Every structure is written in C-alpha cells, then in structure tokens.
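This chain uses plain numbering: 1 for the first residue, then up along the sequence. Just follow the structure's listing: the first ligand is 1, and inside any ligand the first atom is 1.
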Amino acid sequence: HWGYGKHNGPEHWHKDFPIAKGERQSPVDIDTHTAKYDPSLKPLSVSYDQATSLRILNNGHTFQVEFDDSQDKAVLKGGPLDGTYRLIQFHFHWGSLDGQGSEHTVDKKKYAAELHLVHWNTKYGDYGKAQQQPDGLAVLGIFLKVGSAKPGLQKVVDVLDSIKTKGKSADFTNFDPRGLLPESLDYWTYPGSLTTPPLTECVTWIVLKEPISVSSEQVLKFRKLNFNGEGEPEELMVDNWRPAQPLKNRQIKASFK
Ligand SMILES: NS(=O)(=O)c1c(F)c(F)c(S(=O)(=O)CCO)c(NC2CCCCCCC2)c1F
Ligand SMILES: [Zn+2]
C-alpha cells in the first residue's frame, strides 16, 4: 500500500495514518544554532559487545538486520534515556544521488544515507507493547557521507545481492554493529515518531553529530536493491526517506557545546 513513490509516498501517508500530521513527527531538521546544550544529559551508553545478529531481510521498503532481543545482549542506556533499551534491528534510508537520502537534516544539509538502530524499552516487555507507549522506542541515528569505505559495513553490502527483492531473507549471524559507529557519541535528542507507517509517536530520537564515511561503491550497492518482489517489474529501492516534518512545540537538545 504505502511506499516512497509519487502515488503512495510520504505526501499520501496521512490518509491511512492520520498521525502523519501529529505534534511529534519525525524526522526533523536539526537547526544547530537553535538546539540547546543540556549539561545534564548523560553520555550515551552503547553496550553491543554481546550482540547476536540473526538475519537480514528486504522488507520492501528498506533492508533490516535483526537481532536476538530475548535477553539484554545489545542495549542502549544513558543519554536522555531512563532504563534499558534492547536492540531489535537496524536499517537504512538512502538516496538516488549522493546529495540526498538522510531523513534528518543538519542546518538543511542532507547526507547520502542514514542508519537507524532501533531499540525498545525493556519495561514494556516486547517491542509490540513498547510501540504503544510515548517512551517505548529509542532510535539511534547515524548519518552516512560518501568518502572512504566503512570496513564494518562491507559484510552488509556483500550479502545484499542475496536479498535483492521484497520478502527475501538470508542468515546474517555474527555481525558486530559496533563497526558501524563513528568515533564520537556526541548527539542531539528530541521526542518524535517512527518515520514509516504507522508513524506512531513512541520514539526518543538520538542522532549522532559525527557521520560515518562510506564509499561510493558501498552506497551504489544499496541502490541495486529492489522495492518489488521477485518476478515483478523492477523498481530500484532508492529515495526511501521521509522528508523533514514540522518541529512544532519541540526543543532539540544537544549533549555537546
Ligand atoms: N525510521 S524508523 O526507525 O522509525 C523505522 C523504519 F523506517 C522502518 F523502516 C522500520 S522497518 O525496517 O521495520 C519497516 C517498516 O516498518 C522500523 N522498525 C520498527 C517499527 C515497526 C514496528 C515494530 C517496532 C520496532 C521496529 C523503524 F523503526
Ligand atoms: Zn529508519
């Protein structure tokens, strides 16, 4: 139904998901000059040493790497968060051209892509329950710029030909998501939403200031994927990003400056 095309893209989503026009929708433009340094924000605690990746899946919108979230193995804590958030999956958004693709923007600048590590608050017991809560999810967002290759991304890039079309999955064990992080964990944070339907307002966003570098060849492999299923007309999976939404009555906080 929904997608990223002219006929089913972000401008249409409000008809099936009226929260699209809500008070805390994501992504947003991060105006660096209006964000508030908050000295009381804590360093982010990213504890990914025990992470158990399981599978990679083309879901028809993006691809996602999924993790075992049935124990506290890969968790996000600290920062603006109360309590412990377990990593369930990560996915990307990217463009047809290197000058677009990110969902968040920084002083209106678009990056080539954005990585989202999705976590759910363990006080709600499972991710389905967590999505129904205003503090249910925490998504760690990381910008990708085109330059030098990111060695820790290559394992992901190399399996994409085996999940070209919607509904294809592959085993994807022993992947270390620590290899996708930049040097610094300085971040902005604000309360928002899922950026795909159902657009639920259940997300604390934590967006890292420091992008990672990926090579032009790595991002060209993302653009080889297909939105369509096997045996259907080929539609390249590109421009799977929602544009910035109105900030409304929100303040973006910075952990730095
Ligand atoms: N940008 S985002 O982090 O809000 C987002 C997506 F863009 C997204 F595409 C997905 S997806 O890969 O699973 C595809 C469409 O759902 C999730 N995943 C979460 C949201 C969906 C419901 C379950 C809560 C945890 C997964 C998702 F959280
Ligand atoms: Zn996302």
Side-chain angles (χ1 to χ4, degrees), residues 1-5 8-10 13 16-17 19-20 22 24-28 30 53-70 74-76 85-95 100-105 110-128 130-144 156 160 163 165 167 169-170 172 177 180 187 189-208 222 225-227 229 237-245:
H1 14 162
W2 77 267
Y4 290 100
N8 65 357
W13 292 350
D16 280 320
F17 303 96
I19 201 63
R24 58 176 281 195
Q25 291 287 295
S26 292
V28 298
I30 299 163
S53 68
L54 293 176
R55 194 172 72 138
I56 191 170
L57 169 72
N58 177 333
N59 59 38
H61 310 291
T62 183
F63 71 91
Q64 61 180 239
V65 171
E66 302 161 344
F67 288 81
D68 173 14
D69 66 339
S70 69
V75 302
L76 183 69
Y85 290 66
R86 281 204 195 142
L87 178 64
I88 175 61
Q89 55 126 283
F90 63 76
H91 65 270
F92 297 80
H93 306 269
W94 61 87
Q100 65 200 62
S102 65
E103 297 209 301
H104 292 92
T105 56
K110 298 173 166 81
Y111 288 88
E114 190 174 328
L115 162 63
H116 285 162
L117 296 122
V118 181
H119 312 72
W120 56 270
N121 191 325
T122 59
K123 81 191 199 171
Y124 300 123
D126 67 72
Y127 61 83
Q131 272 173 71
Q132 308 167 32
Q133 319 304 321
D135 57 348
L137 302 181
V139 183
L140 177 63
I142 303 176
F143 296 116
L144 281 57
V156 170
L160 297 181
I163 61 154
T165 51
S169 65
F172 202 69
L180 292 179
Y187 63 84
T189 184
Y190 74 97
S193 75
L194 300 174
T195 71
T196 51
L199 301 168
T200 309
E201 298 183 330
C202 54
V203 178
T204 299
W205 277 93
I206 294 169
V207 177
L208 295 189
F222 284 12
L225 291 167
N226 287 182
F227 286 123
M237 182 179 282
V238 291
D239 295 317
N240 56 351
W241 50 277
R242 187 188 200 198
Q245 298 302 306

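Using a 4.0 Å cut-off between heavy atoms, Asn59 contacts ligand 1 through its side chain alone, with no backbone atom that close. Counting heavy atoms under 4.0 Å from ligand 1, residue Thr62 touches it through the side chain alone.
Electrostatic pairing of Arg242 and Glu103 does not count as a salt bridge here, judged by no charged N lying under 4.0 Å from a carboxylate O.
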Stepwise, does the ring-ring contact (aromatic ring centres under 6.0 Å, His included) test hold for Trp241 with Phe92? CA-CA 9 Å; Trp241 50 277; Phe92 297 80; over 10 Å; no

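The closest heavy-atom contact to atom 27 (C) of ligand 1, among the options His116, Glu114, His119, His91, comes from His91. In this structure, of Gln89, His104, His61, the residue bringing a heavy atom nearest to atom 11 (S) of ligand 1 is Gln89. Across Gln131, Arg242, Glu103, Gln64, heavy-atom proximity to atom 24 (C) of ligand 1 is greatest for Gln131.
Of the options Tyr187, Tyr111, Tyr190, a ring-ring contact (aromatic ring centres under 6.0 Å, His included) to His104 is made by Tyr190 and by none of the others.
With hydrogens and angles disregarded, no donor-acceptor distance shorter than 3.5 Å links the side chain of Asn240 to the backbone of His93. The backbone N or O of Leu87 lies less than 3.5 Å from no partner atom in the side chain of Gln89, so there is not a single donor-acceptor pair.
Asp69 and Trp120 share a donor-acceptor pair across their side chains, judged by distance under 3.5 Å alone.
With contacts defined as side-chain heavy-atom distances shorter than 4.5 Å, the pair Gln25/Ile19 qualifies.
Taking the N/O/S atoms of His93 in turn, the shortest distance to the Zn ion (ligand 2) belongs to NE2. Within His116, the N, O or S atom at minimum distance from the Zn ion (ligand 2) carries the name ND1.
Distances below 4.0 Å separate heavy atoms of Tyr127 from the following atoms of ligand 1: 23 (C), 24 (C).
For the ligand labelled ligand 1, residue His93 lies inside the 4.0 Å heavy-atom shell.
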